[PDB]
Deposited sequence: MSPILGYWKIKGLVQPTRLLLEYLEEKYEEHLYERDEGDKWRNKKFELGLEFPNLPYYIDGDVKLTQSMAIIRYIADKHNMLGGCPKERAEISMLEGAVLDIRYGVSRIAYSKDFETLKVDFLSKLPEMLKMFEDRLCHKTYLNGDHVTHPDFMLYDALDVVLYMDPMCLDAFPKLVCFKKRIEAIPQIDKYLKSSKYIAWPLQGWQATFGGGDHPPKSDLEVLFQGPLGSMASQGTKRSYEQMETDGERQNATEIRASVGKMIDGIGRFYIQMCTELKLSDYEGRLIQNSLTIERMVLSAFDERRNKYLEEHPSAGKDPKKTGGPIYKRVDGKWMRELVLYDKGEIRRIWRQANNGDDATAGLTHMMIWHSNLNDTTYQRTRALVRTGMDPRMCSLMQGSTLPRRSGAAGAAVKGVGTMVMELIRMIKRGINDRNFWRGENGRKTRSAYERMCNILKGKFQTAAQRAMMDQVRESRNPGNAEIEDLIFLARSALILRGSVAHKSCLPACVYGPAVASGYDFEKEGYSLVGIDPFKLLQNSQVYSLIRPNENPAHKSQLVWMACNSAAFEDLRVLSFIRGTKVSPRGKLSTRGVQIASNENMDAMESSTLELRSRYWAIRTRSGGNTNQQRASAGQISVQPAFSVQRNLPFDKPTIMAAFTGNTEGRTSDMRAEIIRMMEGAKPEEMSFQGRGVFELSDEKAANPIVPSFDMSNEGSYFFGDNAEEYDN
């Protein structure tokens, strides 16, 4: 049905909220501290860590010597008379798993864990830069607009495949080949047909994201190359360049932090009875009636820190800023022009110099489901005229050289608003990027 899918998604949100409510009490957090997204991020990672048990499926964590492997934790931020202090907590993974299951009526409710994994992915995509991770692979750093989901853990299942961008899959495939060429046994033994089945699916996953017959036909030859080498790497890079113009279709799910679902459940909002959808107005309505706080570093502009959180909640980092600027009712600027840094607080930072602020995650309209940068057409058309030409590579080039919104009062899309884009401002979030690189 279309209403029972809204009910199963609803009970998932309920579980996340009821979980967050419970942990806010066990850690004896204020209501303000409970709505602090920094505490939400820590509470989120811990439960993911409790079920991950060092598989790097729900998250990735760096090892530390002497740390009991059977316990999880993170920094919890608490305030007294306006001064924040970091406190590191340690909980047994087993107990975290029990609280999560108890909050989900006894079920493992793994879909709720992945839900928070996506949110972490969206936030990282919006906060950090992967230009070094691209350059250290042979890819063009100007493919940043293709890297949705590139921070998802190494062993994320098909869960993350849906939101992984063309650029993310291309690199993943390239990496597999680069150690298939520097280790004989990679495709040998059943340890090899282990990785061949994965190579085939990852190829067909990326094939499915392409929406031109020529792009898919060339992925077929990459898939059915019995031993891929530096030849297939070259054409995967070519496909990535074609994806800057003949963009592929990628999922964009609006996953909000637990500090939003948490208080909403305490309000008495039973998401199972009334329903929920990651697509449409419900995620906008949660944020509009939300109240989330965030720590602020000296000289960080609270308005910009709000934008990057709002953009991560809506998974819009890879959309045109002129379009989102009209929806938000305010200019949503490129990352390079944001006078702020990440939401997470490093271990080295001075906590006495930290302030709080209400995040502005509100929008003026909502949406469902413009020329290209010069940086992107330059990257797309730096093809290897140098060397190999082909069949469908020449056709794809030919195709490349050829190249709703509603008011929140409009609850089910009656009067669509024709948009007004101001062509003055840049369209890509990554134009003149200034942000930290991931890890």
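No alpha-carbon coordinates exist for the deposited sequence positions 1-251, 621-648, 683-692, 729, given here in order along the chain.
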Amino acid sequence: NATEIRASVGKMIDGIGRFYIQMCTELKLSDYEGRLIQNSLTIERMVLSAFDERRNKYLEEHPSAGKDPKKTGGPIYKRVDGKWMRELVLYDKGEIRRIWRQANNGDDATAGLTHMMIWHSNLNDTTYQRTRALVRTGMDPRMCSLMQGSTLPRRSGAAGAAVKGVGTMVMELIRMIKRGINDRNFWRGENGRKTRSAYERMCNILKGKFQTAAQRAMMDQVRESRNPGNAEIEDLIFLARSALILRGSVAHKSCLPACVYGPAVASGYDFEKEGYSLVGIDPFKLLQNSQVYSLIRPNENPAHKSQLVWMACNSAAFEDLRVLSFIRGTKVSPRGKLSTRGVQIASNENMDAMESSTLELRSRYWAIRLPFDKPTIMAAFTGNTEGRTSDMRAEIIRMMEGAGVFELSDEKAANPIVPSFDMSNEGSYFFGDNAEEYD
From here on, numbers count along this sequence of modelled residues.
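Taking the mean C-alpha B-factor of each stretch as recorded, 93-101 and 210-218 are not equal, and the higher mean is that of 210-218. The stretch 191-199 shows the higher mean C-alpha B-factor when 173-181 is compared against 191-199 in the entry.
Going by the entry's values, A367 shows the largest Cα B-factor out of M117, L286, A367, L244. The residue among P371, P375, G34, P69 whose C-alpha atom has the highest B-factor in the PDB entry is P69. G336 sits in the lowest third of its chain by CA B factor, as recorded in the PDB entry. In the deposited entry, the Cα temperature factor of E60 sits in the middle third of values across the chain's modelled residues. When the CA B factors of the chain's modelled residues are split into thirds, the value for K412 lands in the highest one. In this PDB entry, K273 carries a Cα temperature factor that places it within the highest third of its chain's modelled residues. Among all modelled residues in this chain, the alpha-carbon of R54 has a temperature factor (C-alpha) in the middle third.
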